[PDB]
Amino acid sequence: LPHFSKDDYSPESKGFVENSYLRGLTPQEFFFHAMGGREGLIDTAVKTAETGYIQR
Amino acid sequence: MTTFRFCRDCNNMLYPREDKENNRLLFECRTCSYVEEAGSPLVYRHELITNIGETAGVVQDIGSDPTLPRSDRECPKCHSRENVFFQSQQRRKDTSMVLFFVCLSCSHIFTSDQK
Amino acid sequence: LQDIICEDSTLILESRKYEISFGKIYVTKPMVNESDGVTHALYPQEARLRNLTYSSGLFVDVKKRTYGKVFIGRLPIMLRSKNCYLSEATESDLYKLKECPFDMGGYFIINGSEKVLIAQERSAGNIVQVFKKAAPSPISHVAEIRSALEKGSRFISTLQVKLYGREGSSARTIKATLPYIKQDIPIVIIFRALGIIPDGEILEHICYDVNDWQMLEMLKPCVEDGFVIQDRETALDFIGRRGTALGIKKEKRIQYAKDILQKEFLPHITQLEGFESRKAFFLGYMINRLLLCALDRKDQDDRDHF
Amino acid sequence: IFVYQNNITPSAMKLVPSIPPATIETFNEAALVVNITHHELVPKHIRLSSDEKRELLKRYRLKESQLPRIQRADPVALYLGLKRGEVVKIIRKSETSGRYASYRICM
DNA sequence: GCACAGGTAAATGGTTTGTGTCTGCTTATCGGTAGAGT
DNA sequence: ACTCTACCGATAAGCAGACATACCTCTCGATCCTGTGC
Ligand SMILES: [Zn+2]
Ligand SMILES: [Zn+2]
């Protein structure tokens with residue numbers, strides 16, 4: 001993200017959410033969680049069609 | 001070929017050849033002869049691994065980048081408590097995670113490979 | 001609108017010369033033509049209710065010469081635009097005109113239906129991008145630029161430079177892809193066709209550092225492949241012979257190659273004379289970027305970058 | 001049975017099927033270094049005689065084409081020297097029954 | 001007064017980001033022997 | 001003994017073909033004319 005420095009391998013910068021849902025999420029981990037959810041949704045969307053064709 | 005031999009006349013480069021009778025390798029151009037002794041044992045060098053201390057262009061404006069992280073590593077020569085560090089610029093997984101520190105006072109590049 | 005009107009406005013039909021020379025263009029307020037022929041201002045509410053089109057007529061100047069204002073069509077007007085009646089309307093005026101003050105506009109009213117143009121996402125032009133092809137394919141890296149003219153007509157000419165041969169294969173050569181030519185051409189031949197005859201100048205253009213021996217070693221097969229061509233004329237006629245299927249003699253092949261290089265070879269840098277140096281420098285920069293990608297000194301370009 | 005060392009020519013292969021009614025089999029030392037039938041995934045293969053094959057076909061009321069097929073170039077078929085039309089009995093262990101017998105016909 | 005019937009248009013040049021995974025056909029390329037001498 | 005060239009087999013490598021879960025709901029457009037006739 002533009003808010004981090006170059007060559008930063010710390011867990012916070014690489015997508016570790018040290019907070020909880022009750023506590024709340026910082027913008028960076030919020031963006032990371034959104035990316036993970038988008039990846040999951042895309043995975044299910046492809047998988048349902050693939051398994052349907054395989055079942056047929 | 002670590003270096004390329006260019007013909008003094010014209011601007012083409014020189015092919016490798018052997019004098020046979022003189023038993024001495026000579027470089028010759030094609031547009032013009034330009035025969036010389038060609039006193040260089042190097043005919044071809046092949047490289048298979050990344051060069052040690054590749055670093056980068058390290059321009060004098062390397063300290064003007066706001067995205068470069070800063071540390072407090074001691075400078076070996078000028079003994080400064082400020083520098084900027086970055087990893088190797090090789091674009092594969094074979095390179096290690098060593099850090100190259102560049103001092104903005106004396107422009108000296110020193111690594112953290114204590115080993 | 002004015003740029004398109006003035007782009008190609010003069011046409012000559014054949015001391016008998018006929019010219020059109022279209023003049024300035026302006027856009028009037030939205031009006032509607034009734035059955036009896038009368039005209040009146042067309043408001044968005046009336047257009048929506050009567051299933052009409054919220055379009056405004058536009059006129060151009062002819063200025064016919066052999067050696068006034070004329071109607072050209074109707075252009076739909078986006079709501080709440082500079083030509084819309086609601087741009088300067090206040091809250092009271094909007095209420096009087098039976099228009100919701102909370103409406104934001106930005107849509108076209110055609111045939112009484114509201115239409116919104118969805119933004120289309122496309123890759124940026126005039127950008128050099130390098131990607132690595134599949135392992136089974138004989139191509140290792142491709143460097144292509146989608147050159148196009150901004151103010152001029154849409155061209156979209158793609159010049160692709162590919163590195164033939166895999167890393168294991170010793171037949172490492174670079175061949176470009178000129179438009180309308182159905183066979184790849186060596187880079188050295190193209191460089192010679194631009195007037196840069198000596199090989200040292202070619203190497204100077206390709207690489208800006210004399211200590212990078214790996215790049216020179218990779219370029220050595222290319223300069224060896226460029227041995228056959230030695231002057232500009234032979235390169236030009238070789239390029240011409242690679243175009244048309246020998247329909248005409250080779251005398252016109254040189255002219256055809258020169259014209260294609262002056263027009264279609266990277267038609268974003270320039271199109272007039274004196275293009276040889278700039279185009280040669282751009283080609284050298286592209287080759288340098290491709291070799292840097294090959295030398296794993298840079299990462300493959302990401303197509304998802306915004 | 002002929003066991004060559006490294007390679008054999010196509011003309012040499014053509015020469016082999018020319019001796020009636022005898023049979024000539026060619027094998028490779030590399031393939032014969034390790035016994036295939038000793039593997040844990042290879043079940044027992046038993047060749048059936050003509051009378052046994054006829055009895056099986058009559059009892060199950062089946063045609064020759066209505067049986068599982070095994071290629072003549074199969075390593076087990078080459079090991080047993082199966083001819084065309086021969087039926088081999090296969091006994092394998094099962095996780096639902098203690099023993100299971102299956103039959104395949106060489107094609 | 002208005003209708004009536006053939007596909008006469010573009011020639012061109014030209015297009016598009018990032019679809020893989022087998023399938024079959026058609027070449028190009030690589031070894032290997034047979035018609036026999038001094 | 002292998003030269004002067006022929007069919008045998010065994011691959012590489014380019015050229016196209018087929019196709020992508022299932023169920024329903026709603027709205028919205030388009031289904032021809034210009035040169036030629038007396
Ligand atoms: Zn010279
Ligand atoms: Zn220092």
Side-chain angles (χ1 to χ4, degrees), chain A residues 39 41-56, chain C residues 8 48 51-53 55 76 107-149 152-162 164-166 168-171 175-184 240 242-245 247 256-257 259-268 271 293 299-306, chain D residues 4 6-18 26 28 73:
Chain A
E39 191 220 25
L41 290 188
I42 265 66
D43 251 334
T44 83
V46 161
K47 249 67 170 178
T48 170
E50 249 313 359
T51 67
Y53 183 55
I54 276 188
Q55 218 267 324
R56 160 171 167 77
Chain C
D8 284 335
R48 258 183 295 242
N51 263 11
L52 303 176
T53 296
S55 81
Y107 52 87
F108 299 91
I109 298 184
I110 75 87
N111 283 340
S113 69
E114 297 156 349
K115 304 277 177 173
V116 46
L117 288 191
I118 305 293
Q120 302 301 127
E121 156 164 21
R122 60 156 183 91
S123 210
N126 316 346
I127 291 304
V128 176
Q129 282 171 307
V130 201
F131 312 111
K132 341 198 304 196
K133 270 304 188 57
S137 153
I139 292 330
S140 76
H141 301 271
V142 189
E144 62 304 8
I145 178 189
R146 221 169 326 281
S147 177
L149 290 102
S153 176
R154 164 172 88 84
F155 272 36
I156 319 292
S157 48
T158 148
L159 164 67
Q160 331 204 354
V161 189
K162 36 192 65 52
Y164 276 95
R166 224 178 150 185
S169 167
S170 55
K175 263 182 282 194
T177 303
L178 266 287
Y180 295 138
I181 273 56
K182 330 79 190 163
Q183 54 264 47
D184 294 12
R242 291 334 186 89
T244 171
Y256 179 58
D259 181 36
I260 214 176
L261 250 57
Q262 188 251 356
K263 294 310 226 333
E264 325 219 339
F265 184 51
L266 299 165
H268 73 102
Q271 253 156 351
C293 184
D299 231 345
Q300 174 189 8
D301 296 31
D302 201 349
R303 334 177 101 261
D304 288 20
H305 205 285
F306 221 70
Chain D
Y4 50 90
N6 34 51
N7 96 94
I8 188 89
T9 129
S11 62
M13 276 308 83
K14 149 190 47 43
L15 180 52
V16 159
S18 76
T26 76
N28 196 353

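Hydrogens, waters and symmetry mates play no part in the numbers below; they use all other heavy atoms, side chains included. Protein chains get the first letters and strands the later ones, always in sequence-line order, with residue 1 at the start of each.
The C1'-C2'-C3'-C4' torsion of E:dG35 is positive, which assigns its sugar to the north, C3'-endo side. Sugar pucker of F:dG37: north, as indicated by a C1'-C2'-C3'-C4' torsion of positive sign. At F:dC26 the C1'-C2'-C3'-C4' dihedral is positive, so the sugar adopts a north, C3'-endo-type conformation. A negative value of the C1'-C2'-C3'-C4' dihedral assigns E:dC30 to the south, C2'-endo side. Sugar pucker at F:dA22: north, on the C3'-endo side, as the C1'-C2'-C3'-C4' dihedral is above zero.
Counting any heavy atom pair closer than 4.0 Å across all strands shown, C:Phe155 reaches a base atom.
Figure legend. E:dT17 is base-paired to no nucleotide; pairs are counted as Watson-Crick or G-U wobble with both atom distances under 3.5 Å. When both distances must be under 3.5 Å, the Watson-Crick or G-U wobble mate of E:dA5 is F:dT34. Base pairing of F:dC23: no nucleotide in any strand meets the Watson-Crick or G-U wobble criterion (both distances under 3.5 Å). Remark: F:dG29 base-pairs with no nucleotide; criterion is Watson-Crick or G-U wobble with both hydrogen-bond distances under 3.5 Å. Pair check for F:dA1 finds E:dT38; Watson-Crick or G-U wobble, both atom distances under 3.5 Å. In this structure F:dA13 sits in a base pair with E:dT26, meeting the Watson-Crick or G-U test at under 3.5 Å.
Considering only the side chain of A:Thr48, F:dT21 comes nearest among F:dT21, E:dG18, F:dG14. For A:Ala49, the side-chain atoms get nearest to F:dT21 when compared with the rest of E:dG18, F:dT21, F:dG29. Across F:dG14, E:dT17, F:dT21, the shortest atom-to-atom separation from the side chain of C:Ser123 is found for E:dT17. Side-chain proximity of C:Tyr180 to the nucleotides E:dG14, F:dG14, F:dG29 is greatest for E:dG14. The side chain of A:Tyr53 has F:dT21 as its nearest neighbour among E:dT16, F:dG29, F:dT21.
The distance between atom CD1 of D:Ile8 and atom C1' of E:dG31, rounded to the nearest whole Å, is 15 Å. In this structure, the CE atom of D:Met13 is 14 Å from the P atom of F:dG9, given to the nearest Å. Whole-Å rounding puts the C:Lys182 NZ to E:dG13 P distance at 10 Å. When rounded to the nearest whole Å, the span between NZ of C:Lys133 and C1' of E:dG20 equals 14 Å. For C:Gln160 and E:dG18, the CD to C1' distance is 14 Å, given to the nearest whole Å. Counting to the nearest Å, the P atom of F:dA13 and the CD1 atom of C:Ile139 are 13 Å from each other. Look at NZ on D:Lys14: it is 10 Å from P on F:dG9, rounded to the nearest Å. In this structure, the CD1 atom of C:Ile156 is 8 Å from the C1' atom of E:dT16, given to the nearest Å.
For the pair F:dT27 and F:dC28, the rule of 5.5 Å between ring centres and 30° between base planes classifies them as stacked. Consecutive residues F:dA10 and F:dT11 form a stacked step, taking six-membered ring centres below 5.5 angstrom and planes below 30 degrees as the test. Without both centres closer than 5.5 angstrom and planes tilted by less than 30 degrees, the six-membered rings of E:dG18 and E:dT19 do not count as a stacked pair.
Within 6.0 Å of the CZ atom in C:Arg166, the count of heavy atoms belonging to other residues, nucleotides or ligands does not exceed 12.
For the pair C:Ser157 and D:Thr9, nearest-nucleotide mapping onto DNA chain E gives the more 5' position to C:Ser157. Each of A:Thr51 and D:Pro10 has a nearest nucleotide on DNA chain F; the 5'-most of these lies closest to D:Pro10. Between C:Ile110 and A:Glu50, it is A:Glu50 whose nearest contact on DNA chain F lies nearer the 5' terminus.
Residue-to-nucleotide contacts include a donor-acceptor pair under 3.5 Å from the side chain of C:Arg154 to the base of E:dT16. The base of E:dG18 is paired with the side chain of C:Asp304 by a donor and an acceptor separated by under 3.5 Å. In terms of polar N and O atoms assigned as donor or acceptor, the side chain of A:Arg56 never comes within less than 3.5 Å of the base of F:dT21 in a complementary pairing.
Looking at every heavy atom in both residues, C:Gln129 comes nearest to C:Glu144 through O-OE1, 2.8 Å. Considering all non-hydrogen atoms of both residues, C:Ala257 and C:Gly240 come closest at CB-N, 4.0 Å. Taking both residues in full, the closest heavy atoms of C:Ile139 and C:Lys133 are given as O-CB, 3.3 Å, listed atom of the first, atom of the second, then distance.
Between E:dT12 and F:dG29, the two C1' atoms lie 31 Å apart (nearest whole Å). For the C1' atoms, the distance linking E:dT15 with F:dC23 amounts to 40 Å, nearest Å. Comparing F:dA30 with E:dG13, their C1' atoms sit 31 Å apart, to the nearest whole Å. Annotation: E:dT8 and F:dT34 have their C1' atoms spaced 11 Å apart (nearest Å).
Between the side chain of C:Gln262 and the backbone N or O of C:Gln271 there is at least one donor-acceptor pair closer than 3.5 Å. Of the possible polar contacts, none joining the C:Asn111 side chain to the C:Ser113 backbone as a donor-acceptor pair under 3.5 Å is found. For the pair A:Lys47 (side chain) and A:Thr44 (backbone), a donor-acceptor distance under 3.5 Å is absent. With hydrogens and angles ignored, the 3.5 Å screen pairs a side-chain donor or acceptor of C:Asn126 with a backbone N or O of C:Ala148.
Glycosidic conformation at E:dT12 (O4'-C1'-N9-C4 for purines, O4'-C1'-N1-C2 for pyrimidines): syn, within 90° of 0.
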